[PDB]
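Enquirer: Take a look at the following structure, please.
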Amino acid sequence: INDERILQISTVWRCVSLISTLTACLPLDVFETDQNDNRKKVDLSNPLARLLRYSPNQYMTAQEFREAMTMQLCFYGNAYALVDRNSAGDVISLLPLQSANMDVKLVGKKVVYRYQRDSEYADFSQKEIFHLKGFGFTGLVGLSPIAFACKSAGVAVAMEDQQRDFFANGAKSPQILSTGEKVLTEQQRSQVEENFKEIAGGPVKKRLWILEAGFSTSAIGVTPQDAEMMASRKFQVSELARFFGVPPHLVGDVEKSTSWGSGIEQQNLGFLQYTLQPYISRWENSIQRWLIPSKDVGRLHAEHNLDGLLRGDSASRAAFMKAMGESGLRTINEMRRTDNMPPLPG
Amino acid sequence: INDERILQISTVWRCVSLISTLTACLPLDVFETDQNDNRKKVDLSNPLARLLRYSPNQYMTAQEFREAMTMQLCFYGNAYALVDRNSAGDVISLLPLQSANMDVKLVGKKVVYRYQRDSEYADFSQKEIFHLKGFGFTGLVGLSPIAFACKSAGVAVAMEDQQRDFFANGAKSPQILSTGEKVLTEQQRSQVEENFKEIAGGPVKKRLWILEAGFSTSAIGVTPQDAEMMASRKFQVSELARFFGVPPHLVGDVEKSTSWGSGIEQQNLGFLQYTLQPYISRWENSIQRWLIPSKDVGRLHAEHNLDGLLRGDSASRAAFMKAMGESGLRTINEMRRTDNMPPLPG
Amino acid sequence: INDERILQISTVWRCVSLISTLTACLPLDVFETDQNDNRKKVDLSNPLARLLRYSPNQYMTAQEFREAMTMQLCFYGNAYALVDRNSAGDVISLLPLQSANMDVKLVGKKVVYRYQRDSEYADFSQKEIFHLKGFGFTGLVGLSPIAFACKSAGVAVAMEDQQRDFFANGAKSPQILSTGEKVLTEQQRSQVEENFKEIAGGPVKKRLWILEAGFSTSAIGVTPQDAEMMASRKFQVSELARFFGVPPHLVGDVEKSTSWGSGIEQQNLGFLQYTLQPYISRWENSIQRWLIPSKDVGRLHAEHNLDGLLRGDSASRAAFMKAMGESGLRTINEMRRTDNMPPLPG
Amino acid sequence: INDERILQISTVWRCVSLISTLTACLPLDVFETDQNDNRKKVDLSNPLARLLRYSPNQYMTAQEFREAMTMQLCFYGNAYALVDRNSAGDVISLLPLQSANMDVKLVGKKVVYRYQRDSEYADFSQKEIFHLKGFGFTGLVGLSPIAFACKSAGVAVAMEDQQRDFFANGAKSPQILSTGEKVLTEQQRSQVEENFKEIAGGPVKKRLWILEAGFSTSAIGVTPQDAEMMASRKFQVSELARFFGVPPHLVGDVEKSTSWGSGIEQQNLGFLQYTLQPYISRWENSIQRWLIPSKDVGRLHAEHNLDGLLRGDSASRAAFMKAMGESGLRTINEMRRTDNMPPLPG
Amino acid sequence: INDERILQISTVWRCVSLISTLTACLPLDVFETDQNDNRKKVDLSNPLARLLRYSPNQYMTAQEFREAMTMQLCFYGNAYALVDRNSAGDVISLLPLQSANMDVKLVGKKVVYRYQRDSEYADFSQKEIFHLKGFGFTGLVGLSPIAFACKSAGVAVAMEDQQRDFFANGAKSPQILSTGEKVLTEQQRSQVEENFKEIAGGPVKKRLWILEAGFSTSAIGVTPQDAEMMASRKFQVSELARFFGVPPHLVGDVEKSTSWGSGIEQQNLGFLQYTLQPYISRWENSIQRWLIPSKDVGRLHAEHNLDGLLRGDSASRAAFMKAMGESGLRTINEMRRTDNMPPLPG
């Protein structure tokens, strides 16, 4: 078994696609925080904000970069980027690195990111490799989920191959050549192969030979009237989904989320809290832990925006905004800012 | 297996049709933006707006181009256009290129778009190829989904082919042909073919006469009354749909969403937030990253309009507008602009 | 297999009928747009508006013409009309052309519509052929959906013929004729068929004949206890529908749209957004791209009217109009214009 | 197969009956129209109105003529009437013609309506044949639906004939009459044909004898206990209905619409918008294209009235009128006109 | 098969009974219409109103006459009455004529109603035969629905006869009198025929004999384990109903109208619009087309009253009348006229 054959499972493909792409769709904002604890969102004039929101490097989009990082984070439990910085020490480029080529080894109290580029060993400090570092016991690396999923994936590909092959044989069931006691010539015996090479493929339908001996031949295989050849296929989707923690109604099972929450907003809230939330924290805290300078901690901060998911329907959002009317929890201008309407006296 | 034989699957055709069409149906606009963050939608006198909205080239419509680009972006994970620009260096044309003929390679620290034109091997810069660059680990190219889907597609076409030819055989099962209990001449053996083999057609009916030397012929097919046959077909639709991430009830299967909101608007939000959104991001971001010049970033901003999907029914939209009329979140003039009614004092 | 035999499938016939006819039923309006951005609907005095709304040519209705164009657009992915224009360059006739006879070939930078009329090659520029050009990768032609549907159609016509001919044979199931050793005379062997031919056809009911050997006969047909011989007949409708993207409850499956939207308006909204919308855009944008002169772009515009579908029931439309009462979103005169009631002081 | 044997299918009869009847039941009116777009319904003193509403010819009713025309338009995709006009050139009669005897051909740039009258071959102009010209690729003639439906109709009539004949033979299965190994005289054969075969009739329950050759007689019918028999009949109703586009619950099948609105008004809207509407368009447009002279276009306008279908129940209509009374969208006099009540001050 | 045997099918009997009787129950009113477009209902002093509402001839009731006409109209697609008139040309009698004896033949431009009275040919003009003329392609006669229904009726009577006979035979299964090879005399063997007949008949339960050769008998009746003998009986009802267009829940199928309309009024509205309406129009328009003199057209008019069907329950009609209270859409006197209550100051 190998990683690409595993990635060819539709369920795996979908999960990885979904998680990475969703977190890549979110707006990411950067803030300067005043001493009275007020946020100001910062502009593309700020070097870090430009690096993040506009361009990570001379080859990529921001969206594209976050997606690419997150794919490795999910697939390998870990993702790595080269960090580049100017003479003032401010970062100026980020560039993803293939996790499969990375090693990280401690060196006395220190750490070295040992990157195997082909047959060359590009060795780096904690100050120039970002390392998003997923779920794992050591706090030094995430556990690579692909490495654990290998057995259930093994079951899934085994069934899929059997299922293919049965229909590829035109459902011509395998036969015992159960026989009798007549002397057969070696050519009579040879006919059993010699006449054929089509009991898998070709339309020798009414015609599959036996010798001048009649014989008693009968089927060997169990037939996919063994209902596992359906039911078991369905069952595997849950097994694979459980490595990623994805609600199976988003994947395709049964129908829809039967007793859990009614409207779309409840589904989104559930999906956020039980699945999407960790990645948000991993990104935001890593940025705070390594990219923001220690003197700017507490002043400078970064957040993903959730409203693109938490968006309810027209009726609910109208009712919500009306509930801000009395109570006065917003001005008309603040509400008009949420949908970029022109400001108005109030 | 090949891409055309795959695209002939109704599911695959429908998925690509749906996504590419829907995003091509959206309105797409550009705003100039003031320093106080007021929008100003720009006119067809602006070259970029004209290019995007009226005409991408002297052969095509805007819609028609966006559609074609998006089809490649889904099918191959990547799409490419040749850019062209005037003596001022401002863009004046876009023309699609075959993702199947394109290659992108790093060449020193630079990159080259190698395009196989027919029997020639053109090379191009990041300066002149637009490259929409979908989902993938490198951040340099997208994973071509057709390449991964090939196995489940292989199963689907295997089942489909087998399923047909059973009825093409007049629904008669494969048979073991024992040559009786005595040897016969090679011509008598040839007459087994003269006697039989046309059992795939209708009219044979009764001339299935056992010759005067015993014989013991019987069936070796399992019958489509096996527990796979029908259910097997249904299952595989989901497998193919998962490569594109489309909710199967939109693909026309079985039963519609019971438990995430019943109203059409909630279906649209679900489809947007979990399927359409990323493509919207990729377009808008690519335009901002490569086509809008750096000096105009934050001044100029391209966006799609969502309202064509987020449209509610008469009752909901009436209630919504009334809830903005009271509270005063809009003037009558703003609301009348949404449905292009003549303005009034307000 | 051939296009007419495919068109004889009820599902295909219905889909093509529905889509083309619905878009042909819609009102199509033309507008002059004032510099203050107010629409004026234009009259049958305008040459283009008359060409469109009243008469495309000396043989046809407007409705009839739009229908005819749209049938080819759906069936072949493409539709073509000869364009005719006066000495002032204004268009004066449109005439549809059979897509199967069309070729389009590039000629250096130029394009030639190569029309094979019988054995003659009527060759035309982009300035005199309209070309509605559907969904496809090149932006130069739409993919012809019939060409892809051919395989699922193949399965469908196979099952249909088997289903017929089983009852055409009165379900007189086919048989082995057997004994083991008696010499049949060549007349006995003749009579084994020559007595009959009505074993397929007529009422030989209680009296198929042996010859003088008793016989030990047995059957070879599977019986339509084969679950496909009902379940598959149902299933294939979805396959065909997926080439056109039609919601199967409009076609005939199960009952009605189970969990999707309650009232008729929600069904119409769904059908518009997920199926009908693209054709609207293709028409409207093609008109804008080729028929309206470049100097009149932005001034002159055309729209289909959706209200004939978006029409809710009496109660909902009454409630809607009442909700315009306060809020004041219409005068009584504007509402009376929606149903052509005489205007009244207000 | 033939058209009458097809029309004898209950489905086909019902579909044609329904559509042609319903559109013939609608009121049809003409408005003269002022330059300020006020309607004025015209009187039976107007020749065109009299022709349309009182009498199409000295043999028929208006309703009766519209019905007959529409039957042909559905059944043959086309319908034709001979026009007649007075010395002023104004129309004074319409008479239907057989679509089965009509042909239309291009003749130079002109067209000829070739009509086979009996054993003669009359020819007519576009000036004197009305030609309602239904759905089809050319825009010159409609596709005759009966021609495409013939295969599924073939399947339906095959089953219907088989179903009869089973009970007509007293529900006794077909048999191989196997006697044994004795040679038979032609009289002994004649007595197999007369002692026996008669069993397929009614009364001979008692005796059916076997001679001293010992016999081996056995059945070859599958029995209608097979899984097709009943469900087969049901399925085919949908197939035929799809050529006409009628919702099967209106055709009296199985179960009524669960999930597009329960109220009768929503059934009517569904049937209108998805089935009836196109015919309404074809009539009104044909009249405006050929019968109303060019100088009167936009002044004179023929229309059907929809209210006979859009009629709500007592509760809904009361609420609706009250919602126009308040708001003031009607006078009492207008509302009293709808149900022809005497007017009052208002 | 014959018309009376067809009429003996309960479904056919019910449909004809229902339609004809319902339209015969309706009030029929005649109106003089003032020039200001006000209706006056006319009295039994008017000759036509008396002929219609009180007495058609010296033998019949009005109800009875309308019923009788409508039965022929449904059954034969056509109904005919002799028209009689005074010296002033005003009609004074109507008398129905058996449609089966009628022929109508054109005579140059003229028409002759050729009535075969026994062996005599009573020949008449359009001025003295009324001819209600139902649904049909020519506008000269209706298609006789009985003539088309003959095949499905054929299936139905085949089942019904078989179903009778099986139980009339005491459900004894018909027997092959199988044996072996022992001799018996022809006189011994003849005792089968001599003795028995009660295998088809009645009381001999036990001593069905054999002649002295031991015997080995077997059955040949399929049994109504053939589910058609139940399920198909049910199915036939729809086939027959479809010739008349009657909603099968009114006839007896399943239970009640499952998803279609809730209260009785919705059922009545549906039944009116989709089934009853055409006959109303046929009557009313025929009266207007032939019985009312041309000078009185527009002045004199006739309508059936629908309120006897459109009658909702006590609660709904109370709520309705209360909704007329404010709004003022009736006076108390007008409402009291609807239920013949004495008028009162208002």
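If you're wondering about the labels, chains in the structure tokens are A, B, ... by order shown, residues count from 1 in each chain, ligands from 1 in order shown.
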Could you work out which residues of chain B fall inside 7 Å of chain C? Count only C-alpha atoms, and format the result as a ChimeraX atom specification.
Expert: /B:8,10-11,13-14,21,25,60-61,64-65,68,71-72,96,164,167-168,170-172,205-214,224-225,230,252,255-258,262-264,309,313-315,318,322,325,332,342
Enquirer: Based on DSSP run over this structure's backbone, return all residues of region 193-222 of chain C in strand (DSSP E), as a ChimeraX atom specification.
Expert: /C:208-209,218-219
